[PDB]
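Next comes just one chain, in structure tokens: the form deposited in one PDB entry.
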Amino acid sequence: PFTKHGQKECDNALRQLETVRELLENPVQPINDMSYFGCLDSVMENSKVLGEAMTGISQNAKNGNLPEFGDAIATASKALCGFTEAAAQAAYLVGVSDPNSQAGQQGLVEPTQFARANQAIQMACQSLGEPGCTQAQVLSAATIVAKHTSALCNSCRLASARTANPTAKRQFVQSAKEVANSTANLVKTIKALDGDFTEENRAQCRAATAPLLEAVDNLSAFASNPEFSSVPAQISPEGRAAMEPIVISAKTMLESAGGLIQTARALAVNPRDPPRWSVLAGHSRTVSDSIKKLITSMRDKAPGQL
């Protein structure tokens, strides 16, 4: 019936937990730009949200409310993932602060949209440069340039926001302004060329493509600069020992939450199963205990990170 959507929500959550668990395998790079204290608050907030989801997961499987069960599962998955990222980020910060450790860095990931927009804009500009292009051809090139430069600027905005490195964060936005400014100028020359196709307006419209192509090339080159590539930190043995409380607790919470969701998936189908209700309460107990142990350890290392 309406169980199918609940079953699939459980499958998605379990897959997502498996993905965030790799963050705990061997932290050697920062996840994001959060401070140690931001990580602390994030773990706090996400655990509140998780605690209410675990009650919603349990009550709605028992009472047969399949849409409310599915939404509890989706909520728990998002909170568990948020939690794990803040714990992996905190773990990294603990490990590299040991004086025998060496820093790592997140590589910037290049949007696949970049390549698409790049090729599209180049072909559209090459078209605008053909000495015999028509008013229909000029309209289609303008349509393609506008669509892909708008998408390029938004990819830059998002890439800027998820880059911790401040030089890369700044360049993504400067590139976005270069693209937007040169696109605005180009379409203005297209507007003039439209209906006045002299060699002089062709030359000007042709000249206006050069700044846009330079902006696009500069952006795609910077995205490949070696100084922004991922480098794994060298965590000292004393660094590793210090991140153990956070890492172990995060893993245990993930293991138990996975077992909780796997059990709730079956209880949503047939909730007349006392053995599985007691398994589920065991897992939920360990989820809570592990969160308590992780938060406690983070609060206590906290003076060293002020």
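Here the rigid core means the biggest group of C-alpha atoms that line up within 1.5 Å when the two forms are laid on top of each other. Residue numbers here begin at 1 and follow the sequence given.
The same protein also exists as the form deposited in another entry; that form is not shown, yet it is the one meant from here on.
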With the core lined up, does the C-alpha of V138 move 2 Å or more between the shown form and the other one?
yes
Once the core is aligned, please say if the CA of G82 is shifted by at least 2 angstroms between the shown form and the other one.
no
Does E178 move its CA by 2 angstroms or more between the shown form and the other one when the core is aligned?
yes
Distance change of 3 Å or more between the C-alpha atoms of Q113 and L17 in that other deposited form: closer or farther compared with this structure?
closer
Distance direction in that other deposited form for the C-alpha atoms of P111 and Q89, relative to the displayed form (3 angstroms or more):
closer
